[PDB]
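Q: Got protein-v1.cif for you, mmCIF, C-alpha atoms and all ligand atoms:
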data_my_file
#
loop_
_atom_site.label_atom_id
_atom_site.label_comp_id
_atom_site.auth_asym_id
_atom_site.auth_seq_id
_atom_site.Cartn_x
_atom_site.Cartn_y
_atom_site.Cartn_z
CA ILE A 1 140.30 78.09 92.92
CA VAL A 2 136.61 79.00 93.13
CA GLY A 3 135.02 80.85 90.18
CA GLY A 4 138.13 80.68 88.02
CA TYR A 5 138.90 79.10 84.63
CA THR A 6 140.99 76.31 83.17
CA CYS A 7 144.46 77.73 82.69
CA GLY A 8 145.44 75.54 79.77
CA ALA A 9 148.28 72.98 79.90
CA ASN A 10 151.64 74.44 80.97
CA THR A 11 150.50 78.05 80.57
CA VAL A 12 151.69 78.68 84.15
CA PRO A 13 155.12 77.10 83.79
CA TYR A 14 156.44 78.17 87.24
CA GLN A 15 153.48 76.51 89.04
CA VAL A 16 154.46 73.37 90.98
CA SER A 17 152.47 70.69 92.78
CA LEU A 18 153.92 69.45 96.12
CA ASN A 19 153.16 65.75 96.42
CA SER A 20 153.32 63.45 99.45
CA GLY A 21 151.46 60.50 97.90
CA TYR A 22 148.86 63.01 96.67
CA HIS A 23 148.82 66.74 95.77
CA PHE A 24 148.69 68.79 99.00
CA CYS A 25 150.00 72.26 98.15
CA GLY A 26 151.23 74.49 95.38
CA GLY A 27 154.57 76.28 94.99
CA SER A 28 156.47 78.52 92.57
CA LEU A 29 159.71 77.66 90.83
CA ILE A 30 162.18 80.55 91.34
CA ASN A 31 165.28 79.02 89.79
CA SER A 32 166.39 75.62 88.53
CA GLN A 33 166.97 74.42 92.14
CA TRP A 34 164.51 76.25 94.44
CA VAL A 35 160.77 76.47 94.97
CA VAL A 36 158.97 78.94 97.20
CA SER A 37 155.78 77.81 98.98
CA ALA A 38 153.84 78.53 102.19
CA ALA A 39 155.25 77.63 105.64
CA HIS A 40 151.86 76.11 106.48
CA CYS A 41 152.61 73.62 103.65
CA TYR A 42 155.60 72.27 105.58
CA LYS A 43 155.82 68.46 105.95
CA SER A 44 158.48 65.83 105.36
CA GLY A 45 158.48 63.46 102.37
CA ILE A 46 157.93 66.17 99.70
CA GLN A 47 158.26 65.45 95.99
CA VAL A 48 158.12 68.53 93.77
CA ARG A 49 156.19 68.00 90.51
CA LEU A 50 156.97 70.43 87.72
CA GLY A 51 155.43 70.61 84.28
CA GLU A 52 152.02 69.46 85.54
CA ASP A 53 148.63 70.05 84.09
CA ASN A 54 146.53 66.98 84.92
CA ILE A 55 147.92 65.86 88.29
CA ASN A 56 146.38 62.36 87.88
CA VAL A 57 147.74 61.58 84.39
CA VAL A 58 151.30 61.41 83.12
CA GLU A 59 151.00 63.67 80.05
CA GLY A 60 154.67 63.83 79.12
CA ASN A 61 156.02 67.20 80.29
CA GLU A 62 156.42 66.47 83.99
CA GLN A 63 159.57 66.54 86.05
CA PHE A 64 159.38 64.80 89.44
CA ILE A 65 162.18 65.81 91.82
CA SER A 66 162.49 65.11 95.56
CA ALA A 67 163.23 67.94 98.03
CA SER A 68 166.72 67.85 99.62
CA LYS A 69 165.95 70.56 102.21
CA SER A 70 163.04 72.63 103.41
CA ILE A 71 163.50 75.95 105.19
CA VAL A 72 160.48 77.48 106.94
CA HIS A 73 160.91 81.26 107.55
CA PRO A 74 162.75 81.80 110.89
CA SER A 75 159.81 83.91 112.12
CA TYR A 76 156.85 81.89 110.85
CA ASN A 77 153.99 82.09 113.36
CA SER A 78 151.53 79.22 112.90
CA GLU A 79 148.88 80.93 115.10
CA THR A 80 148.74 84.25 113.18
CA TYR A 81 150.15 83.07 109.89
CA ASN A 82 152.69 85.93 109.94
CA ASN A 83 155.70 85.11 107.68
CA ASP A 84 153.92 82.24 105.87
CA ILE A 85 156.75 81.37 103.53
CA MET A 86 159.09 78.41 103.03
CA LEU A 87 161.89 77.56 100.60
CA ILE A 88 162.37 74.09 99.19
CA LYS A 89 165.63 72.98 97.57
CA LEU A 90 165.43 70.28 94.86
CA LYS A 91 167.75 67.24 94.99
CA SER A 92 168.68 67.99 91.39
CA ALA A 93 168.28 70.96 89.07
CA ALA A 94 165.14 71.12 86.96
CA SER A 95 165.53 71.41 83.20
CA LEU A 96 164.14 74.76 82.10
CA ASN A 97 162.24 75.05 78.71
CA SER A 98 158.78 76.60 77.71
CA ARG A 99 156.71 74.31 79.95
CA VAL A 100 158.96 74.50 83.05
CA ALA A 101 160.22 78.01 83.84
CA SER A 102 161.13 80.12 86.81
CA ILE A 103 159.15 83.21 87.81
CA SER A 104 160.94 86.51 88.54
CA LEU A 105 161.09 87.88 92.10
CA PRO A 106 159.82 91.49 92.53
CA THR A 107 162.05 94.53 92.95
CA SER A 108 159.10 96.57 94.22
CA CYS A 109 155.76 95.69 95.82
CA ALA A 110 152.47 95.62 93.88
CA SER A 111 149.73 98.24 94.27
CA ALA A 112 146.07 97.93 95.20
CA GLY A 113 143.86 97.58 92.09
CA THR A 114 146.39 95.55 90.04
CA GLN A 115 144.87 92.33 88.61
CA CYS A 116 147.13 89.37 89.42
CA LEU A 117 147.04 85.72 88.33
CA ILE A 118 146.38 83.15 91.08
CA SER A 119 146.56 79.43 90.24
CA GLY A 120 146.22 76.00 91.80
CA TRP A 121 144.57 72.59 92.09
CA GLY A 122 142.54 73.55 95.16
CA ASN A 123 138.81 73.17 95.90
CA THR A 124 136.58 74.79 93.26
CA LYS A 125 133.46 75.08 95.48
CA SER A 126 132.56 77.65 98.15
CA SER A 127 130.13 75.41 100.01
CA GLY A 128 130.75 71.89 98.72
CA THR A 129 133.97 70.08 97.91
CA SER A 130 135.24 69.40 94.37
CA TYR A 131 138.91 69.03 93.43
CA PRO A 132 140.03 69.51 89.83
CA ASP A 133 142.56 67.44 87.97
CA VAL A 134 143.80 70.27 85.72
CA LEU A 135 145.29 73.61 86.79
CA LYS A 136 142.78 76.40 87.45
CA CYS A 137 143.44 80.13 87.20
CA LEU A 138 141.83 83.30 88.58
CA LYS A 139 142.41 86.98 87.98
CA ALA A 140 141.90 88.98 91.13
CA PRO A 141 142.73 92.55 92.23
CA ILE A 142 144.88 93.41 95.23
CA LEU A 143 142.67 95.23 97.75
CA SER A 144 143.80 98.13 99.93
CA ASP A 145 145.19 97.16 103.34
CA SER A 146 142.37 99.23 104.92
CA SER A 147 139.69 97.28 102.99
CA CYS A 148 141.26 94.02 103.98
CA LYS A 149 141.32 95.04 107.68
CA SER A 150 137.74 96.30 107.58
CA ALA A 151 136.52 92.88 106.41
CA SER A 152 138.34 90.46 108.74
CA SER A 153 138.20 89.61 112.45
CA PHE A 154 141.65 87.96 112.30
CA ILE A 155 145.19 89.30 112.58
CA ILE A 156 146.55 91.01 109.48
CA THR A 157 150.18 92.06 109.37
CA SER A 158 152.33 94.16 107.01
CA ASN A 159 153.59 90.82 105.65
CA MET A 160 150.14 89.98 104.23
CA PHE A 161 147.97 91.41 101.51
CA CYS A 162 144.46 90.46 100.50
CA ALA A 163 143.08 90.11 97.00
CA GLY A 164 139.79 89.09 95.50
CA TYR A 165 136.12 90.03 95.50
CA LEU A 166 134.31 91.21 98.61
CA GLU A 167 130.95 90.19 97.07
CA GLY A 168 132.17 86.57 97.11
CA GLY A 169 132.20 83.96 94.35
CA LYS A 170 135.86 84.13 93.23
CA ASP A 171 138.84 83.19 95.43
CA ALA A 172 141.65 80.76 96.05
CA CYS A 173 140.88 77.86 98.43
CA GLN A 174 142.17 74.87 100.40
CA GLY A 175 144.66 72.94 98.22
CA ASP A 176 145.79 76.18 96.52
CA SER A 177 147.97 76.89 99.61
CA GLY A 178 151.60 77.72 98.82
CA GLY A 179 150.78 78.62 95.21
CA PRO A 180 151.58 81.80 93.21
CA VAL A 181 150.07 85.23 92.88
CA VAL A 182 151.77 86.83 89.87
CA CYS A 183 151.35 90.50 89.01
CA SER A 184 152.95 92.12 85.93
CA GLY A 185 155.32 89.18 85.54
CA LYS A 186 156.56 89.17 89.17
CA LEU A 187 155.82 86.71 91.96
CA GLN A 188 154.15 89.01 94.52
CA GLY A 189 152.19 86.54 96.66
CA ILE A 190 151.79 83.08 98.18
CA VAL A 191 148.35 81.60 98.84
CA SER A 192 148.22 81.77 102.67
CA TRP A 193 144.78 81.89 104.28
CA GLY A 194 141.11 82.77 104.21
CA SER A 195 137.89 82.40 106.18
CA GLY A 196 136.27 79.74 104.02
CA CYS A 197 136.50 80.44 100.28
CA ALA A 198 134.72 82.91 98.05
CA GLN A 199 132.46 84.05 100.91
CA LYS A 200 131.14 87.60 101.18
CA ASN A 201 133.54 89.95 102.99
CA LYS A 202 136.08 87.20 103.48
CA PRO A 203 138.75 87.77 100.77
CA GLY A 204 141.86 85.65 100.20
CA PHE A 205 145.03 86.49 102.15
CA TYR A 206 148.50 86.14 100.68
CA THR A 207 152.08 86.32 101.93
CA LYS A 208 153.51 89.64 100.75
CA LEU A 209 156.57 88.25 98.94
CA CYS A 210 158.21 91.61 98.20
CA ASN A 211 159.06 91.82 101.95
CA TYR A 212 161.14 88.63 101.70
CA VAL A 213 163.37 89.04 98.66
CA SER A 214 166.55 89.69 100.74
CA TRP A 215 165.85 86.61 102.88
CA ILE A 216 165.14 84.52 99.77
CA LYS A 217 168.31 85.66 97.96
CA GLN A 218 170.69 85.21 100.95
CA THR A 219 169.16 81.84 101.88
CA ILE A 220 169.64 80.53 98.33
CA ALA A 221 173.18 81.99 98.13
CA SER A 222 174.28 80.12 101.30
CA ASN A 223 172.50 76.79 100.76
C1 LIG A 301 143.88 84.14 110.08
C2 LIG A 301 143.44 83.17 111.14
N1 LIG A 301 144.26 83.01 112.20
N2 LIG A 301 142.18 82.57 111.06
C3 LIG A 301 141.76 81.58 112.08
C4 LIG A 301 141.62 80.22 111.36
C5 LIG A 301 140.72 80.35 110.09
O1 LIG A 301 140.83 79.08 109.42
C6 LIG A 301 139.81 78.65 108.60
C7 LIG A 301 138.47 79.07 108.69
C8 LIG A 301 137.51 78.54 107.83
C9 LIG A 301 136.06 79.02 107.93
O2 LIG A 301 135.17 78.25 107.54
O3 LIG A 301 135.85 80.19 108.35
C10 LIG A 301 137.92 77.61 106.87
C11 LIG A 301 137.14 76.85 105.81
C12 LIG A 301 138.25 76.02 105.21
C13 LIG A 301 138.06 74.98 104.11
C14 LIG A 301 136.94 74.00 104.50
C15 LIG A 301 137.77 75.67 102.80
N3 LIG A 301 139.41 76.29 105.80
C16 LIG A 301 140.73 75.72 105.43
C17 LIG A 301 141.49 76.63 104.41
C18 LIG A 301 142.79 76.28 104.04
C19 LIG A 301 143.52 77.04 103.12
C20 LIG A 301 142.95 78.15 102.53
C21 LIG A 301 143.66 78.94 101.60
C22 LIG A 301 143.09 80.02 100.96
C23 LIG A 301 141.78 80.42 101.25
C24 LIG A 301 141.19 81.52 100.59
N4 LIG A 301 139.90 81.81 100.87
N5 LIG A 301 141.86 82.31 99.74
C25 LIG A 301 140.95 79.67 102.27
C26 LIG A 301 141.65 78.52 102.89
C27 LIG A 301 140.90 77.75 103.80
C28 LIG A 301 139.26 77.21 106.77
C29 LIG A 301 140.19 77.72 107.65
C30 LIG A 301 141.20 81.45 109.13
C31 LIG A 301 141.26 82.78 109.89
CA CA A 302 150.43 65.02 84.94
#
Let's see the structure in the file written out as structure tokens.
A:
Amino acid sequence: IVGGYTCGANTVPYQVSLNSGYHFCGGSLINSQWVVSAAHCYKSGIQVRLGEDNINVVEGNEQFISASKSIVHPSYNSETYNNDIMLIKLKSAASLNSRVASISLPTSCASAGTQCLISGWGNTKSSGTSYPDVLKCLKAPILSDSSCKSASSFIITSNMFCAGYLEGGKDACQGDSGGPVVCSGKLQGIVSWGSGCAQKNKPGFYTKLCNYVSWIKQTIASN
């Protein structure tokens, strides 16, 4: 997260860190047994870490649970990033309380102009590299699909939205991948891609989660 702020310990209780010997991606807890992240976060050997603030210190509210199964969306396209979404099942159910909590799925999509909360342990610099230990947060508005298409020279589908600041300076970044965009208490997005971070006319792009609720619900119901 570039140009954001320290969230505060456990203030984003659905935020997870995916760990393979080190933090590599974020995710969102959607019930006691399932996390949603980005398909581009797929790898084997995933441990889900819940209840994290400082990812380098055991502070006492963590739950570390191995993944039993990962399911990348059947139509994920790694060249265009279309359908950048993956479900991860936990080997055991997480214990839910104030510091570890699921985030509601949307019943309708979010509108352009709404300020949403984006969070992660990604790079905090637009030019350099600096990775934080504690969770960072950013409020950013959803931009119109037309604005997003005007800015970018890459493929943008109806399964993506963009959010952020066309002037630059505030954005998600590498290491925030897979993490949440929450708007009015609903998980509306997954950190998916961007041309650099916080650069002028290169906003963040996000998987448009509202398009996937049926797939999420049926996949969970049958697995
Ligand atoms: C859509 C498409 N097919 N394409 C072609 C390939 C391009 O891939 C690039 C281009 C560039 C570039 O410099 O232009 C960079 C720079 C970086 C690092 C060093 C920061 N990465 C890795 C990265 C990883 C995750 C991110 C997650 C989120 C956001 C964000 N801004 N919200 C940025 C992210 C950036 C990049 C990935 C993207 C456009
Ligand atoms: Ca910790």
Q: Tell me which of A:94, A:213, A:86, A:166 sits closest to residue A:150, counting all atoms listed in the file.
A: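 Looking at the shortest contact to residue A:150, the residue is A:166.
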Q: Counting all atoms listed in the file, which residues in chain A sit no more than 10 Å from ligand LIG 301 (chain A)? For each one, give the nearest pair of atoms and the distance in Å, sorted by chain then residue number, as CSV.
A:
residue,atom,partner,partner_atom,distance
A:1,CA,A:LIG301,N5,8.2
A:2,CA,A:LIG301,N4,8.9
A:25,CA,A:LIG301,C19,9.5
A:40,CA,A:LIG301,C19,9.0
A:41,CA,A:LIG301,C19,9.7
A:77,CA,A:LIG301,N1,9.8
A:78,CA,A:LIG301,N1,8.2
A:79,CA,A:LIG301,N1,5.8
A:80,CA,A:LIG301,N1,4.8
A:81,CA,A:LIG301,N1,6.3
A:82,CA,A:LIG301,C1,9.0
A:118,CA,A:LIG301,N5,9.8
A:122,CA,A:LIG301,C21,8.5
A:123,CA,A:LIG301,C15,7.4
A:124,CA,A:LIG301,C15,9.7
A:125,CA,A:LIG301,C15,8.5
A:126,CA,A:LIG301,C15,7.3
A:127,CA,A:LIG301,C15,8.1
A:128,CA,A:LIG301,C14,8.7
A:129,CA,A:LIG301,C14,8.2
A:152,CA,A:LIG301,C31,8.3
A:153,CA,A:LIG301,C31,7.9
A:154,CA,A:LIG301,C1,4.9
A:155,CA,A:LIG301,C1,5.9
A:156,CA,A:LIG301,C1,7.4
A:162,CA,A:LIG301,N5,8.6
A:163,CA,A:LIG301,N5,8.4
A:164,CA,A:LIG301,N5,8.3
A:168,CA,A:LIG301,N4,9.8
A:170,CA,A:LIG301,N4,8.9
A:171,CA,A:LIG301,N5,5.3
A:172,CA,A:LIG301,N5,4.0
A:173,CA,A:LIG301,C23,3.9
A:174,CA,A:LIG301,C19,3.7
A:175,CA,A:LIG301,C19,6.5
A:176,CA,A:LIG301,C21,6.2
A:177,CA,A:LIG301,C21,5.2
A:178,CA,A:LIG301,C21,8.5
A:179,CA,A:LIG301,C21,9.6
A:190,CA,A:LIG301,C22,9.6
A:191,CA,A:LIG301,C22,5.9
A:192,CA,A:LIG301,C21,5.5
A:193,CA,A:LIG301,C21,4.1
A:194,CA,A:LIG301,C25,3.7
A:195,CA,A:LIG301,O3,3.7
A:196,CA,A:LIG301,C11,3.5
A:197,CA,A:LIG301,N4,3.7
A:198,CA,A:LIG301,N4,6.0
A:199,CA,A:LIG301,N4,7.8
A:202,CA,A:LIG301,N4,7.1
A:203,CA,A:LIG301,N4,6.1
A:204,CA,A:LIG301,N5,3.4
A:205,CA,A:LIG301,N5,5.8
A:206,CA,A:LIG301,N5,7.7
Q: What lies within 6 Å of stretch 54-61 of chain A using all atoms listed in the file, ignoring chain neighbours under 2 positions off, as a PyMOL selection string?
A: chain A and resi 51+133-134
Q: Go through A:39, A:121, A:85, A:91 and flag the residue nearest ligand CA 302 (chain A), using all atoms listed in the file for the distances.
A: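 Smallest separation from ligand CA 302 (chain A) among the options: A:121.
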Q: Within 8 Å of residue A:115, counting all atoms listed in the file, which residues show up once you throw out same-chain ones fewer than 6 positions away? Write them as a list in words, please.
A: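 The residues satisfying every condition are residues 139, 140, 141, 142 and 183 of chain A.
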Q: Once 3 Å is added on each side, what centre and edge lengths in Å to one decimal does the axis-aligned box around all listed atoms of stretch 91-109 of chain A have, as AutoDock Vina command-line options?
A:
--center_x 162.2 --center_y 81.9 --center_z 86.8 --size_x 18.9 --size_y 35.3 --size_z 24.1
Q: Please compute the atom CA of residue A:111-atom CA of residue A:209 distance, one decimal, in Å.
A: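 Between these atoms lies a distance of 13.0 Å.
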Q: Just the residues within 10 Å of residue A:185, please, counting only C-alpha atoms, with nothing from its chain fewer than 6 positions along; format it as an MDAnalysis selection string.
A: chainID A and resid 103:106 116:117
Q: Between A:68, A:44, A:63, A:75, which is the closest to ligand CA 302 (chain A) once you count only C-alpha atoms and all ligand atoms?
A: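 That would be A:63, the residue with the smallest distance to ligand CA 302 (chain A).
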Q: With N, CA and C atoms as the atom set, please write stretch 94-123 of chain A from the structure just given, as a short mmCIF file (atom, residue, chain, number, x, y, z; two decimals), in the first residue's frame.
A:
data_model
loop_
_atom_site.label_atom_id
_atom_site.label_comp_id
_atom_site.auth_asym_id
_atom_site.auth_seq_id
_atom_site.Cartn_x
_atom_site.Cartn_y
_atom_site.Cartn_z
N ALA A 94 -11.33 -21.88 11.38
CA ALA A 94 -10.86 -20.81 12.24
C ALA A 94 -11.86 -20.53 13.34
N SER A 95 -11.35 -20.09 14.50
CA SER A 95 -12.19 -19.60 15.58
C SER A 95 -12.49 -18.13 15.40
N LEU A 96 -13.78 -17.82 15.24
CA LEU A 96 -14.18 -16.44 15.00
C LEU A 96 -14.57 -15.74 16.30
N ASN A 97 -14.13 -14.47 16.42
CA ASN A 97 -14.07 -13.56 17.62
C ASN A 97 -13.84 -12.11 17.07
N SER A 98 -13.54 -11.09 17.90
CA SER A 98 -13.44 -9.70 17.33
C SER A 98 -12.22 -9.48 16.42
N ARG A 99 -11.16 -10.25 16.63
CA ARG A 99 -9.92 -10.04 15.90
C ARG A 99 -9.79 -10.92 14.66
N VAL A 100 -10.64 -11.95 14.57
CA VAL A 100 -10.68 -12.85 13.40
C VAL A 100 -12.15 -13.01 13.01
N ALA A 101 -12.52 -12.47 11.86
CA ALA A 101 -13.94 -12.37 11.48
C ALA A 101 -14.06 -12.48 9.99
N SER A 102 -15.19 -13.02 9.52
CA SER A 102 -15.41 -13.12 8.10
C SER A 102 -16.01 -11.79 7.60
N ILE A 103 -15.81 -11.55 6.31
CA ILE A 103 -16.36 -10.38 5.64
C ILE A 103 -17.50 -10.84 4.70
N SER A 104 -18.62 -10.13 4.76
CA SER A 104 -19.80 -10.42 3.95
C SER A 104 -19.51 -10.31 2.45
N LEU A 105 -20.09 -11.23 1.68
CA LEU A 105 -20.11 -11.15 0.21
C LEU A 105 -21.20 -10.13 -0.22
N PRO A 106 -21.03 -9.51 -1.40
CA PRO A 106 -22.02 -8.50 -1.83
C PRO A 106 -23.26 -9.17 -2.40
N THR A 107 -24.40 -8.48 -2.31
CA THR A 107 -25.59 -8.90 -3.07
C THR A 107 -25.75 -8.06 -4.32
N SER A 108 -25.18 -6.84 -4.31
CA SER A 108 -25.09 -6.02 -5.52
C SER A 108 -23.70 -5.43 -5.65
N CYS A 109 -23.35 -5.05 -6.88
CA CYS A 109 -22.06 -4.42 -7.15
C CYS A 109 -21.97 -3.02 -6.56
N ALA A 110 -20.74 -2.54 -6.36
CA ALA A 110 -20.49 -1.17 -5.91
C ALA A 110 -20.48 -0.18 -7.07
N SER A 111 -20.72 1.09 -6.75
CA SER A 111 -20.78 2.15 -7.77
C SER A 111 -19.53 3.01 -7.76
N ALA A 112 -19.21 3.56 -8.94
CA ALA A 112 -18.13 4.54 -9.08
C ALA A 112 -18.33 5.68 -8.08
N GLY A 113 -17.23 6.13 -7.48
CA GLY A 113 -17.28 7.23 -6.50
C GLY A 113 -17.31 6.76 -5.05
N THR A 114 -17.70 5.51 -4.80
CA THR A 114 -17.71 4.98 -3.42
C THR A 114 -16.27 4.81 -2.91
N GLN A 115 -16.01 5.24 -1.67
CA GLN A 115 -14.66 5.09 -1.09
C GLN A 115 -14.63 3.75 -0.39
N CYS A 116 -13.65 2.90 -0.76
CA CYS A 116 -13.55 1.55 -0.26
C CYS A 116 -12.23 1.43 0.48
N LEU A 117 -12.16 0.44 1.38
CA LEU A 117 -10.95 0.19 2.18
C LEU A 117 -10.12 -0.94 1.57
N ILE A 118 -8.88 -0.61 1.23
CA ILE A 118 -7.94 -1.58 0.63
C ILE A 118 -6.80 -1.77 1.64
N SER A 119 -6.36 -3.01 1.83
CA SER A 119 -5.39 -3.27 2.91
C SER A 119 -4.39 -4.32 2.51
N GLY A 120 -3.21 -4.26 3.11
CA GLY A 120 -2.19 -5.28 2.82
C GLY A 120 -0.83 -4.99 3.41
N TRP A 121 0.10 -5.91 3.20
CA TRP A 121 1.49 -5.79 3.66
C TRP A 121 2.43 -5.60 2.48
N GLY A 122 1.88 -5.12 1.36
CA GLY A 122 2.68 -4.85 0.17
C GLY A 122 3.63 -3.65 0.26
N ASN A 123 4.40 -3.46 -0.81
CA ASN A 123 5.37 -2.37 -0.95
C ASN A 123 4.69 -1.03 -0.70
#
